[PDB]
Each structure stands twice: as C-alpha cells, then as structure tokens.
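Position 1 is the first residue of the sequence; numbering continues from there. Because only heavy atoms are used, hydrogens play no part in the values below, and waters and symmetry mates are left out as well, while side chains stay in.
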Amino acid sequence: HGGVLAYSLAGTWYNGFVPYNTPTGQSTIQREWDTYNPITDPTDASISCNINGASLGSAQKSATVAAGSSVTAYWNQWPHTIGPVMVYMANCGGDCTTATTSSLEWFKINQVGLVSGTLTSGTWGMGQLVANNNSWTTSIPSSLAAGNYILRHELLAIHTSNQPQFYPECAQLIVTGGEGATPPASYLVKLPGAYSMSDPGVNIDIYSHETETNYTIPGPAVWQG
Ligand SMILES: *[C@@H]1O[C@H](CO)[C@@H](O)[C@H](O)[C@H]1NC(C)=O
Ligand SMILES: *[C@@H]1O[C@H](CO)[C@@H](O)[C@H](O)[C@H]1NC(C)=O
Ligand SMILES: [Cu+2]
Ligand code: NA
C-alpha cells in the first residue's frame, strides 16, 4: 500500500501527487492517483496511470531530461516484499497533459522479478526496492527518440493467493537529445491489454508453489534501446 511519492530525475527533485487530498491546488510532474490501494483487476481501465490518472491541466508539470539520464522513483516505507518491479514508458504522441494514457503504446525499459531462490523464500525486485531506501533507479534508454513521454513505475505485489495487486504511477517527461530510436511493434503493448488472469505471473498462488524458482514477469520484453 502506497505508491511513488516523489522523483529525482537527472539530478533534480520533483514532488509527486499527494493522494487523498483534492487535486485542486496540487502541481506536479506526476499524474493524479487518489489512494494507496492496489488495482486488483489486471484489465482495469485505469491500470495505466492509476485511479483517476487524471492530468492536472494548467497545474500539470513535465520533467525535461536527456535520453540516457538516470531517473529515480521514491516510495513510502513500502510494506510488501514479494513480486516484480517494472518501469514502462510511452510516447504521448503530442502533449502528455492532454493525452489519454490508456490509448498509448507502452514499452518496458526495466524490470526485476525473482532474482534468486523460490517464490516464497527468494529475493525479489520489490524486496530490493525496499532495501534501497524504498526507491528504484534506472536510466532512460540512451538511443530513445526525442519527444513527450509518460514514465510509468509499477509494483506487482503477489503475496495474496490469486489476487494480484498492481500499484502504478505515471510522470510526464520531455525527452531531449537521443538517437531517434523507437521500440519495434513487438515490444509495444496497451494498458489495459498487456495483462490478464491467464498470465502465470498475474494469477498466482505462491504458497502452493514454494519450491518454484521461475517467474515469468507479465507484460512485454524489456527494450534497452
Ligand atoms: C531516501 O529517500 C528519501 C525520499 O523518500 C530522500 O529524501 C533521501 O534523500 C533518500 N536518502 C538517500 C540516502 O538516498
Ligand atoms: C514456471 O515454469 C513452468 C514450466 O516449467 C510454467 O508452466 C509456469 O507458468 C512458470 N511459472 C511462472 C510464474 O512463470
Ligand atoms: Cu498493501
Ligand atoms: Na506538456
């Protein structure tokens, strides 16, 4: 329970949205997310940028960063330790502030699932996130084409048998520089669309598979540039 409260993007601090408070008056690079609760339906309409995922209009900011830049997301004191961490991006195809995030083409730039051990006693990316000051650091691909992008962080907590808990947040970026590269169509997915309850990593009971050492992370392959 929680989410991304703030960012450090290419050396600069950015405040995130404050959940449970009204969006009126708030100003952030982050899309509006209203509660600490997970999205439990993998096909939920708002799974791209959480509920309500709304733009802040004139108060909506965007972080300008070079392709190749390091981007860090900071969480609350995150209480869950079992499941993957995933970082996605999507071209807004225009202004991000006016973009419907559920219509975008999402590609994955970083993930860490089961690093070693078994589902129930192993090391997960989410455990690594907690251990690293409740934060996750990865780079925007060096080659990425300049443009307007959403940067999306997602935690999939799978500690409750057969109930996935998706915790997504979105931040608006202006990506500068780069080398004009775009991910091929095979890396691109929709949100919702990418996930379902037939995915082995989504509809999972870890407690009936306590010697299992494989975990196929849901969603597409990672596009590193
Ligand atoms: C730990 O994260 C907090 C934000 O939650 C940040 O203010 C602080 O600088 C971080 N500390 C270190 C040592 O990275
Ligand atoms: C682990 O491996 C088996 C095949 O050996 C596969 O059927 C199963 O879905 C995998 N589980 C996950 C969570 O990826
Ligand atoms: Cu929780
Ligand atoms: Na904008």
Side-chain angles (χ1 to χ4, degrees), residues 1-9 13-63 71-90 96-104 106 111 124-127 129-130 133-136 150-173 190-197 199 201-204 218-219:
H1 270 75
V4 178
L5 304 179
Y7 302 87
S8 178
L9 311 169
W13 184 267
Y14 297 90
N15 70 289
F17 191 83
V18 178
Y20 305 97
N21 289 352
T22 188
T24 308
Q26 300 203 49
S27 197
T28 168
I29 62 164
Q30 207 181 40
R31 290 305 201 84
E32 169 176 354
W33 58 287
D34 300 318
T35 178
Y36 272 25
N37 301 341
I39 286 171
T40 56
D41 183 359
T43 66
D44 191 293
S46 301
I47 199 167
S48 57
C49 297
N50 221 323
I51 295 164
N52 59 12
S55 178
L56 301 173
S58 51
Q60 187 64 52
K61 310 211 205 89
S62 293
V71 289
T72 299
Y74 298 94
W75 277 256
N76 56 306
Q77 290 177 347
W78 185 249
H80 304 308
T81 51
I82 301 159
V85 180
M86 293 168 283
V87 189
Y88 285 80
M89 295 175 78
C96 291
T97 313
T98 66
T100 303
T101 61
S102 60
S103 71
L104 307 182
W106 299 90
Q111 68 188 352
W124 293 90
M126 198 177 294
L129 184 150
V130 171
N133 191 36
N134 301 286
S135 69
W136 198 255
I150 301 300
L151 175 67
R152 165 172 199 273
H153 292 80
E154 188 172 37
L155 303 186
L156 169 50
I158 61 175
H159 58 276
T160 302
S161 299
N162 308 103
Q163 189 187 130
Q165 291 179 14
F166 300 92
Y167 296 97
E169 276 78 47
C170 289
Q172 295 190 187
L173 307 177
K190 303 280 215 200
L191 290 168
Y195 304 141
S196 77
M197 293 296 284
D199 295 331
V202 175
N203 184 18
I204 187 161

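- The side chain to side chain donor-acceptor pair (under 3.5 Å) test applied to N162 returns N203, not counting sequence neighbours.
- Residues satisfying the ring pair (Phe, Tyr, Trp, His ring centres under 6.0 Å) criterion with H1, sequence neighbours excluded, are absent altogether.
- With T81 contributing its side chain and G127 its backbone, the two residues share no donor-acceptor pair below 3.5 Å.
- Side-chain atoms of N52 and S46, non-hydrogen and from C-beta on, never get closer than 4.5 Å to each other.
- Across all non-hydrogen atoms, the minimal contact from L9 to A63 is CD1-CB, 3.4 Å.
- Of all heavy-atom pairs between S62 and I29, the closest is C-CG2, 3.7 Å.
- Legend: residues meeting side-chain contact (heavy atoms from CB on, under 4.5 Å) with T72, ordered by chain and number and at least two apart, are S8, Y74, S135, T137.
- For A73, the side-chain contact (heavy atoms from CB on, under 4.5 Å) test picks out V4, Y7, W75, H153, with sequence neighbours left out.
- Residues satisfying the side-chain contact (heavy atoms from CB on, under 4.5 Å) test with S161, not counting sequence neighbours, are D205, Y207.
- Sequence neighbours left out, not one pair with a member in residues 16-46 passes disulfide bond (SG atoms under 2.5 Å apart).
- In terms of the side-chain contact (heavy atoms from CB on, under 4.5 Å) criterion, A45 has no residue partners (sequence neighbours excluded).
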- Worked check of side-chain contact (heavy atoms from CB on, under 4.5 Å) between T35 and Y20: CA-CA 6 Å; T35 178; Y20 305 97; 2.9 Å; yes

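- The shortest side-chain heavy-atom distance between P23 and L56 falls under the 4.5 Å cut-off.
- Taking each heavy atom of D199 and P218 in turn, the nearest pair found is OD2-CB, 4.4 Å.
- Interatomic distance, CE of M86 versus CZ of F166, reported as 7.0 Å (0.5 Å rounding).
- Closest approach of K61 to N15, counting heavy atoms only: NZ-OD1, 3.4 Å.
- For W106, the ring pair (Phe, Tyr, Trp, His ring centres under 6.0 Å) criterion is met by no residue, not counting sequence neighbours.
- Of the possible donor and acceptor atoms, none in the side chain of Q165 sits under 3.5 Å from a partner among the backbone N and O of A157.
- Expressed to the nearest 0.5 Å, how far CG of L191 lies from SG of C49 amounts to 8.5 Å.
- In this structure, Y88 contributes its side chain and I150 its backbone to no donor-acceptor pair below 3.5 Å.
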- Message: With side-chain hydrogen bond (donor to acceptor under 3.5 Å, both in side chains) as the criterion, how do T43 and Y195 come out once you've worked through the C-alpha distance, each side chain's angles and the decisive distance to 0.1 Å?
- Response: CA-CA 6 Å; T43 66; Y195 304 141; over 6 Å; no

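- Interatomic distance, SG of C96 versus CG of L104, reported as 7.5 Å (0.5 Å rounding).
- Here the closest heavy-atom approach between residue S48 and residue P168 is recorded as O-CB, 4.1 Å.
- Sorted by first and then second residue, the salt bridge (charged side-chain N to carboxylate O under 4.0 Å, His left out) pairs involving residues 23-51 (not counting sequence neighbours) form an empty list.
- Take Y167 and apply the ring pair (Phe, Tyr, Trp, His ring centres under 6.0 Å) test, not counting sequence neighbours, and it matches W78.
- Scanning for ring pair (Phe, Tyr, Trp, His ring centres under 6.0 Å) contacts around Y14 gives an empty result, with sequence neighbours left out.
- In this structure the side chain of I82 never reaches within 4.5 angstrom of the side chain of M126, judged on heavy atoms.
- Closest heavy-atom contact between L155 and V85: CD2-CG2, 3.8 Å.
- Side-chain contact between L156 and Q111 is absent, with no heavy atoms from C-beta onward closer than 4.5 Å.
- How far OG1 of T98 is from CD of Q60: 10.5 Å, rounded to the nearest 0.5 Å.
- Using modelled atom types, one finds a donor on one side chain and an acceptor on the other under 3.5 Å when comparing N50 with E169.
- For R152, the salt bridge (charged side-chain N to carboxylate O under 4.0 Å, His left out) partners are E154, not counting sequence neighbours.
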